[PDB]
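First up is the structure itself, then whatever we jot down about it.
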Amino acid sequence: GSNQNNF
Ligand SMILES: [Zn+2]
């Protein structure tokens, strides 16, 4: 799967 981190 794809992963995204938005701090
Ligand atoms: Zn993955």
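Going by the structure tokens order, chains are called A, B, ..., each with residues numbered from 1, while ligands are numbered from 1 in the order shown.
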
Can you tell me which residues sit at most 12 Å away from ligand 1, counting only C-alpha atoms and all ligand atoms, written as a ChimeraX atom specification?
-> /A:1-4
